[PDB]
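Only one chain is given next, in C-alpha cells, and it is the form deposited without the named molecule.
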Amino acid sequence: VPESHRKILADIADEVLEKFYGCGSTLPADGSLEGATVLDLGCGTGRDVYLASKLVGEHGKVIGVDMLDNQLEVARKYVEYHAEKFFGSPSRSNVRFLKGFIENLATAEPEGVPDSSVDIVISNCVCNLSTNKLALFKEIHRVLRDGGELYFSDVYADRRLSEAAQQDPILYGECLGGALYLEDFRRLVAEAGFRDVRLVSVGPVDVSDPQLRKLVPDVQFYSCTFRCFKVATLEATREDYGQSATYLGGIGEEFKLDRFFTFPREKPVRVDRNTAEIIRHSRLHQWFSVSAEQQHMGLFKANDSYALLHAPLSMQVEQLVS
C-alpha cells in the first residue's frame, strides 16, 4: 500500500475494510486522478472506490460494479459516511455502486454505464474468472472515452495451459486456471480495440503445491499491471515521427508512463508516435509538452531498451522480472 494512500484508508469505514473481498485495485499516479471518472470492476465493499473518491476529489466521480449482493450492501451503506469524511457533507458523494456482471456494464442496476463515459477503468484479478474475456474487454473499450485507459492487474502465463489445467477447480479459484498466455492476451485485447499494451509492473506468481504444479509443470505465471489506452490514432507498431515529450511537473518529481518511458521534470524525452498520441489525447496532456510530428523516420529506436520495446510481451515481462 503506497504511503499516500495510508492516511486515506485510515479514514475509510472499518466495516468496508474488514469485509473487502480480494486485493486492492492499483491506481495511476495520484495527481493524474484529479477530476477523473474512475470505474472499479469487482468493487466489493468499496475499499478502492472510496480511496479513489478522495483522490479524484469533488470534480471527479467513482463508479463501483459488482455482482456480490452482501459486498454491495456494505458498499452502499457508507456513501454518506465517506462524503462527510472527505468532502464535509453527507450529500456531497462522488461515488455510486452498481449491481451487475462486469461482462455487461450496460445493464447494471440502478443504471448502466454509458458509452464513452469513463476516464480510468481499474480492476485486480477479475479476468480469469470472467465468463467471456473478449466480451469483457469489448465492454471496457465501449465505456472508456477517447484518451481513457484500462489500468489493471491480472495473472498471465508464459505459455498456453493444458486442458487438464484449465479444468482444475483449485487452479481456477486461484485465478491460474483461466490465465491467458501473454501473446494470446495481446491479440485478444487488440481484437477488443486496444492496439497498444504498456507494461507498468510485473511480479512472479508461484505454484508450490506439487500436485497442482504437475498440471502446469514448467509454466511461469506473472501478475502484470498493464495500461491500455483507448486512442483512435494508435498503430500496431511503434513509429518514430521525430517527437519529444517534456513532462511539465505538478504530479510528482517525474512521470513514469511505463517500464520504457520515464519523464523527468522539464527534460525532453524522445517518443514514438503512439506514446505522443497517448500523452496528447489522454488526461496526461495537462502535464506535458509534446512536439509536432515530423516526417516518418522509421521504427522508433531512440530508447535505451528499444529492442524490448518492439518485442513480444513475454520477452518484456520475462526480462523485467530478471
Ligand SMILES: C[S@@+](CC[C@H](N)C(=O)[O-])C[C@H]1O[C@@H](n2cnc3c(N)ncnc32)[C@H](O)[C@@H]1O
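Numbering starts at 1 and runs along the sequence shown. By rigid core we mean the largest C-alpha set that fits within 1.5 Å across both forms.
Keep in mind that the form solved in complex with the named molecule is not shown, yet the notes after this line are about it.
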Report task. Heavy atom within 4.5 Å of the named molecule in the entry with it bound: which of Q166, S201, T246, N124 fits that? Just give me the one. Result -> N124
Query raised in the report: Among the candidate residues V271, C43, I279, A52, which is the single one with a non-hydrogen atom no more than 4.5 Å from the named molecule in the entry with it bound?
Result: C43
Query raised in the report: Taking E139, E149 and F194 as a possible spot, do all three reach the named molecule in the entry with it bound with a heavy atom inside 4.5 Å?
Result: no
**Report entry** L68, heavy atom within 4.5 angstroms of the named molecule in the entry with it bound
**Finding:** yes
Query - Touches the named molecule in the entry with it bound: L129 (any heavy atom, 4.5 Å) - result: yes
Query raised in the report: Quick one: does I102 come within 4.5 Å of the named molecule in the entry with it bound, counting heavy atoms only?
Result: yes
Query raised in the report: Is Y306 one of the residues lying within 4.5 Å of the named molecule in the entry with it bound, judged by heavy atom distances?
Result: no
Report summary line: In contact with the named molecule in the entry with it bound (heavy atoms, 4.5 Å), from 44 to 52, 284 to 292, 271 to 279, 251 to 259, is stretch 44 to 52
Query raised in the report: Which residue, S116, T233, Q211, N132, is displaced 2 Å or more at the Cα between the shown form and the other one after superposing the core?
Result: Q211
Query raised in the report: Does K301 count as moved between the shown form and the other one, where moved means a C-alpha shift of 2 angstroms or more after fitting the rigid core?
Result: no
Report task. Taking the shown form as the reference, report whether the CA atoms of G24 and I63 lie closer or farther apart in the entry with it bound; the distance changes by 3 angstroms or more. Result -> farther
**Report entry** Inter-Cα distance between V200 and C23 in the entry with it bound, nearer or further [3 Å or more]
**Finding:** closer
